[PDB]
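Asker: Below: one structure in structure tokens.
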Amino acid sequence: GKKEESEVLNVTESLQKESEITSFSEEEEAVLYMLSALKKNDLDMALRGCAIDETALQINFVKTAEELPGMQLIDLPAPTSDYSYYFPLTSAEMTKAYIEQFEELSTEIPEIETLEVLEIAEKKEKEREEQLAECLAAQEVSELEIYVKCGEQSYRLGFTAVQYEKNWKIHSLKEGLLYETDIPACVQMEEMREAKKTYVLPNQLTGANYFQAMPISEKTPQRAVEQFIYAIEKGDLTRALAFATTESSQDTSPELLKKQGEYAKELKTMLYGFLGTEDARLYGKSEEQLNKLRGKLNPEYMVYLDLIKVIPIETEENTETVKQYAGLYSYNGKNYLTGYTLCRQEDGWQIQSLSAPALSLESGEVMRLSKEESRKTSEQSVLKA
Numbered sequence: 000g032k033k034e035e036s037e038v039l040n041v042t043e044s045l046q047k048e049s050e051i052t053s054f055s056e057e058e059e060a061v062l063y064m065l066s067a068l069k070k071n072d073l074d075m076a077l078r079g080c081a082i083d084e085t086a087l088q089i090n091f092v093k094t095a096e097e098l099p100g101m102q103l104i105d106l107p108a109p110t111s112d113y114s115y116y117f118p119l120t121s122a123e124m125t126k127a128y129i130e131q132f133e134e135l136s137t138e139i140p141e142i143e144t145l146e147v148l149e150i151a152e153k154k155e156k157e158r159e160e161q162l163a164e165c166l167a168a169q170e171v172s173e174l175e176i177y178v179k180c181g182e183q184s185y186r187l188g189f190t191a192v193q194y195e196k197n198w199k200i201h202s203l204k205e206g207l208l209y210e211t212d213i214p215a216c217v218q219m220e221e222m223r224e225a226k227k228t229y230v231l232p233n234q235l236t237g238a239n240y241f242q243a244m245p246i247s248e249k250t251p252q253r254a255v256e257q258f259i260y261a262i263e264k265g266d267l268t269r270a271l272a273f274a275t276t277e278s279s280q281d282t283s284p285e286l287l288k289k290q291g292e293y294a295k296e297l298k299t300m301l302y303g304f305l306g307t308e309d310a311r312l313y314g315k316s317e318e319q320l321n322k323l324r325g326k327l328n329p330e331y332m333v334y335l336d337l338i339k340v341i342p343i344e345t346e347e348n349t350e351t352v353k354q355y356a357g358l359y360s361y362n363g364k365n366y367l368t369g370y371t372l373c374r375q376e377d378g379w380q381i382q383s384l385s386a387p388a389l390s391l392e393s394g395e396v397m398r399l400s401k402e403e404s405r406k407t408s409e410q411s412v413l414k415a
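Letter by letter, the sequence shown follows residues 0, 32 to 415 of the authors' numbering.
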């Protein structure tokens, strides 16, 4: 559903704003645009300068996995570049990751408001770049060192800028790939540079490239779960996220977007459970074995993820507004159980999480059932903690 995904969008006040910059034709512009965004503490502006859609549609699964062997699979965004089905999950997780880069640099550089651009230098590593460009399936990767000043302080930053189809964007606000861990936002310089140019910090926006889902609900808790699974079956993953979107907002909200990122991760995790890949590791795998794992993430069979029954869990921890339910499934003829925690809004019910603590089911956990076990469960009208 192109229509079904469209009408579950919160076109926030910032998302309604016009973008007067088509593109960044030079990596320097893209860097400055991002620097201005940070200066103005403008999240919306910042997001538009990141390579959210381009990375999501182009990233090379195999190469990227080889670069990040200690990553486990559920910690990386869904493989949208291989299977467009995953797009809303990948966009949403990436968007969260970028918000966190933004927030971190905004924290780790005191008085980022008073920022002055002293120099932007192109780091000298052709080996490192070609390699990252291959990971990203990018035309060019350019690793830049950025020297800025805040008060008496001078700091160095490292951005990874990327080019696709002759247009630049920031892939990462910290050195290397967006998904690398334990990278510092900045380092403070002992000595202070004289500024090289008159750097022009822009303030137009460039194109919108993120979404905030609106809340949607159903009149019973079971029906919320049913339509959530129907969305998954039909590839309406944005609507799937909308079912757990507990608040709207007038403007673009970092908090709501990060939550959306988290739920996307839980959803992904659930799908990986049915695919048999939730516990997959990327280390010590040949290019061939990585390709097999790639093939195993194909979501084309999600159309045969069927709910057999949505069954209430009886527990102490249920309240008049929060209830735990078990989902009983056939995924292409194999039976699974998962857990839901649902919350009652004014209109009706939404998904709070893909967990049911009352049956020890963690967020996104999927439990395989024998045919015997599945039939016994289907006969229950209630599961007692």
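The beta carbon of each residue, even a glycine, is placed where N, CA and C say it ideally should be.
Can you name, in chain order, every residue of its own chain whose Cβ lies under 7 angstroms from the Cβ of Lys264, other than the five neighbours on each side?
Answerer: The answer, listed in chain order, is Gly0.
Asker: Could you tell me whether the Cβ atoms of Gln290 and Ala122 are closer together than 7 angstroms?
Answerer: Yes, they are a contact pair.
Asker: Please state whether DSSP places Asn233 in a helix, a strand or coil.
Answerer: In the structure shown, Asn233 sits in coil (DSSP, three-state: anything other than H, G, I, E or B).
Asker: Return the CA-CA distance between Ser279 and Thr42, expressed in angstroms with no decimal places.
Answerer: If you take the alpha carbons of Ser279 and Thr42, they lie about 7 angstroms apart.
Asker: Within the continuous beta strand (DSSP E) that includes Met397, where are the two ends?
Answerer: Unbroken beta strand (DSSP E) run through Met397: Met397 to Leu399.
Asker: Give a yes or no on whether the C-beta atoms belonging to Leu413 and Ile338 are separated by under 7 angstroms.
Answerer: Against a cut-off of 7 angstroms, the Cβ pair of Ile338 and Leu413 comes out as no contact.
Asker: How long is the line joining the alpha carbons of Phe132 and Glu143, rounded to whole angstroms?
Answerer: Their backbone Cα atoms lie some 13 angstroms apart in a straight line.
Asker: Quick one: grab the DSSP three-state call for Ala243.
Answerer: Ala243: strand per DSSP, three-state reduction.
Asker: Cβ atoms of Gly357 and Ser247: under 7 angstroms apart, would you say?
Answerer: No, these two residues do not count as a Cβ contact at 7 angstroms.
Asker: Quick one: using the 10 Å Cβ neighbour count with 16 as the cut-off for buried, is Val38 buried or exposed?
Answerer: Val38 comes out buried.
Asker: Residues in its own chain within less than 7 angstroms of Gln410 by CB, not counting five upstream and five downstream?
Answerer: Here the set comprises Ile341.
Asker: Let me make sure I understand the geometry here. Which of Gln102, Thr120 and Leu103 has the alpha-carbon closest to that of residue 438?
Answerer: Absent from the model: residue 438. The displayed extent of the chain is 0 to 415, so no value can be given.
Asker: Quick check on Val255: buried or exposed, where buried means 16 or more other Cβ atoms within 10 Å of its Cβ?
Answerer: Flag for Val255 reads buried.
Asker: Looking at the structure shown, is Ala310 part of a helix, part of a strand, or coil, going by DSSP?
Answerer: Note: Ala310 maps to coil in three-state DSSP.
Asker: What is the rounded straight-line gap between the Cα of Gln193 and the Cα of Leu207?
Answerer: Spanning the two alpha carbons is a distance of roughly 14 angstroms.
Asker: Rounded to whole angstroms, what is the Cα-Cα separation between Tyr331 and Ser66?
Answerer: Looking at the two C-alpha atoms, the distance is approximately 45 angstroms.
Asker: When the distance is taken between beta carbons, is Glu146 closer than 7 angstroms to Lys179?
Answerer: A contact, by the Cβ cut-off of 7 angstroms.
Asker: Would you mind sorting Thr190 into buried or exposed? The rule is 16 or more other CB atoms within 10 Å of its CB.
Answerer: It is buried - the Cβ of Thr190 has at least 16 other Cβ atoms within 10 Å.
Asker: Which first and last residues belong to the alpha helix (DSSP H) in which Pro118 is found?
Answerer: Segment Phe117 to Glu138, the alpha helix (DSSP H) holding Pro118.
Asker: So for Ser172, helix, strand or coil by DSSP?
Answerer: Residue state, collapsed to three classes: strand.
Asker: Going by DSSP, name the residue or residues bridged to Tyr370.
Answerer: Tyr355.
Asker: Going by beta carbon distance, what residues of the same chain come within less than 6 angstroms of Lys226, once the five residues before and after it are set aside?
Answerer: Result list for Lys226: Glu149, in chain order.
Asker: Compute the Euclidean distance between the alpha carbons of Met244 and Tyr116, then round it to the nearest angstrom.
Answerer: Rounded to the nearest angstrom, the two C-alpha atoms are 19 angstroms apart.
Asker: Mind the definition here: the segment 76 to 90 touches the segment 268 to 278 only if three or more C-beta pairs lie below 8 angstroms; say whether that holds.
Answerer: No contact exists between the segment 76 to 90 and the segment 268 to 278.
Asker: Counting pairs of Cβ atoms below 8 angstroms between the segment 304 to 313 and the segment 96 to 105, do you hit three or more?
Answerer: Yes, they touch.
Asker: Can you have a look at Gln375 and say buried or exposed, based on whether 16 or more other CB atoms are within 10 angstroms of its CB?
Answerer: Exposed.
Asker: Using the C-alpha atoms, what's the distance from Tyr293 back to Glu157?
Answerer: Rounded to whole angstroms, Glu157 to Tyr293 spans 37 angstroms at the Cα level.
Asker: Using only alpha-carbon positions, find the residue among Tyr240, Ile343, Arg398 and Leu68 that is nearest to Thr137.
Answerer: Among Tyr240, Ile343, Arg398 and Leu68, the Cα nearest to that of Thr137 belongs to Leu68.
Asker: Does DSSP put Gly188 in a helix, a strand or coil?
Answerer: In the structure shown, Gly188 sits in a strand (DSSP, three-state: E or B).
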